[PDB]
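Next up: a single chain in structure tokens, the form deposited in one PDB entry.
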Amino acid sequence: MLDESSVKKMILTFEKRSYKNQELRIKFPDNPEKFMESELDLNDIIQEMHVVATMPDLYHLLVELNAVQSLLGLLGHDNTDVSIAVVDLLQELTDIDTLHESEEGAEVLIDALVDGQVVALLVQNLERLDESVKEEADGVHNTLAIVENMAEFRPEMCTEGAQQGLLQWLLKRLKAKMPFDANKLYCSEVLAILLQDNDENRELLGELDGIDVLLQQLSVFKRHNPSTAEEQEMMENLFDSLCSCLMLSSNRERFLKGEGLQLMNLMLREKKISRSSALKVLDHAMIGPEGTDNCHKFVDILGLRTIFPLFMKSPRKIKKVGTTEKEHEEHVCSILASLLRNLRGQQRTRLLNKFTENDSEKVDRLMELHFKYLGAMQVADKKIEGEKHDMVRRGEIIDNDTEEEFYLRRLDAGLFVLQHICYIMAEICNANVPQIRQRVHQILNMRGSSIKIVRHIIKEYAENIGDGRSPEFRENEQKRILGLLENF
């Protein structure tokens, strides 16, 4: 080990050499010979400095002695070897394992770096590196390691970082006509983090024509499978990114114009590995009111003929793919629920037609699913009553923390899909089609379930609905939904 004073010296040496080199570079610009040694030193000491990351306790030392500010000046150094060695150091310094060791050290340095506008300085650095040169491609990888490290410790900076030119770089890097590459995979991972719960970055993606990018890149896997598990993990990151963007009502319009629906559709038809995610996207593209135009387009392009088969039978591939029956059933019903919510006109009619062909077979299915999930809910709830009874025996007050455990168990049992199924039933029964009401009541009353149980599930659904959006919205939906009970 080394000591505070043995560290202060090492830094003061850096500053020494940093300064020296800057001067000689400015004073002897034509002649590598006069400054080169100065450089090799800066390089060596910059490297030696890595050891500082071992003791994150002494991080005020790097800010105090002005080491952090010059170190950024270095990212712009006219030779890549210095610039990349800086990045190396920034990666080691900023490694999350390290940043958790001492709060103070972490806290002070991040502030220095934000102050520095590091993300814009790293991006200027990226714009000059050439991935054809191996040591520079590793530089891209390492700068990307940093933003990840920094976002893991402090998410709020991602907004600033993205705007600071990063998002644009990523988009151009994913587009670029270059063979698939570990840096490409990493770009994909880093992009999706930038968007995680971040409307500001999701919109900025929109404005940059991000969606087109995601759709060309995703369209590589429409008919053919991806070669490798790395290249398959990228695809999945692209989808992740894509769904995240669709969380914002403004991107639904951009998706549509990008012929996004057609792609996800084509994916479903070709039944490749993309199919599970493509179904998820469709779901995100249609979910609430901001789904409306997309719903209508879905039908226009024949989405109905693609989705209902998947409503009737859940895919064989389930043991191999990773998406479970439950998940798959969750999305389809989600999608139908959005279709029933938002469709009007010809398209609505065509949808309702699917419930009448042939002897209302889809109604039977719907009700098959009703019982499946209802049943699971009843066990889940019974178990919960039991546990509450056992808490009282044992003297344990139930609290919100308990309630949250309980909620999660219901979520795992199929609460959401159950809610959707019942919404669908109710909407179906309010299309003034006697055939369809009959089948529901027929089916419902003879067996062990009842209108009463369904009505109840709807109310709960209404009550907790629109958790997402605005106080006036939550009022309006709740109203509309509860209106479906009048003729049911």
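Rigid core (definition): largest C-alpha set, two forms, superposition within 1.5 Å. The first residue of the shown sequence is 1; numbering continues from there.
Engineer: Please check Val321 against the other PDB entries of this protein that were compared: is it missing in at least a third of those that model both its neighbours?
Structural biologist: yes, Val321 frequently unmodelled elsewhere, at least a third of entries.
Engineer: Between 312-320 and 242-250, which has the larger average Cα B-factor in the PDB entry?
Structural biologist: Comparing 312-320 with 242-250, the higher average CA B-factor belongs to 312-320.
Engineer: In the PDB record, does 157-165 or 397-405 carry the higher mean Cα temperature factor?
Structural biologist: Mean C-alpha B-factor is greater for 157-165.
Engineer: Checking the entry, which one of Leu261, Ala413, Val108, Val392 has the top C-alpha B factor?
Structural biologist: Answer, based on the entry's C-alpha B-factors: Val108.
Engineer: Would you mind ranking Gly73 by its C-alpha B-factor against the rest of the chain and naming the third, lowest, middle or highest?
Structural biologist: Ranked within chain, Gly73 CA B lands in the middle tercile.
Engineer: Just say lowest, middle or highest third for the CA B-factor of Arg223 relative to the other modelled residues in its chain.
Structural biologist: It belongs to the highest third of the chain when residues are ordered by C-alpha B-factor.
Engineer: Thinking about Cα B factors across the chain, which third does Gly210 belong to?
Structural biologist: For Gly210, the deposited C-alpha B-factor lands in the middle third.
Engineer: How does the C-alpha B factor of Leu339 compare with the rest of the chain: lowest, middle or highest third?
Structural biologist: Tercile = lowest for this residue's CA B-factor.
Engineer: Could you place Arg437 in the lowest, middle or highest third of its chain by Cα temperature factor, using the values in the record?
Structural biologist: It belongs to the middle third of the chain when residues are ordered by C-alpha B-factor.
Unshown form deposited in another entry; subsequent notes refer to it.
Engineer: Superposing on the core, which single option in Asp390, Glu200, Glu270, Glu233 has a CA shift of 2 Å or more between the shown form and the other one?
Structural biologist: Between the two forms, the residue that moves is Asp390.
Engineer: Does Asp364 count as moved between the shown form and the other one, where moved means a C-alpha shift of 2 angstroms or more after fitting the rigid core?
Structural biologist: No, shifts by less than 2 Å.
Engineer: Align both forms on the core first, then report whether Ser249 has a C-alpha shift of 2 Å or more between the shown form and the other one.
Structural biologist: After core superposition, the C-alpha of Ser249 moves less than 2 Å between the shown form and the other one.
Engineer: Aligned on the rigid core, do the two forms place the Cα of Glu404 2 Å or more apart, comparing between the shown form and the other one?
Structural biologist: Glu404 C-alpha, core-superposed: shift of 2 Å or more.
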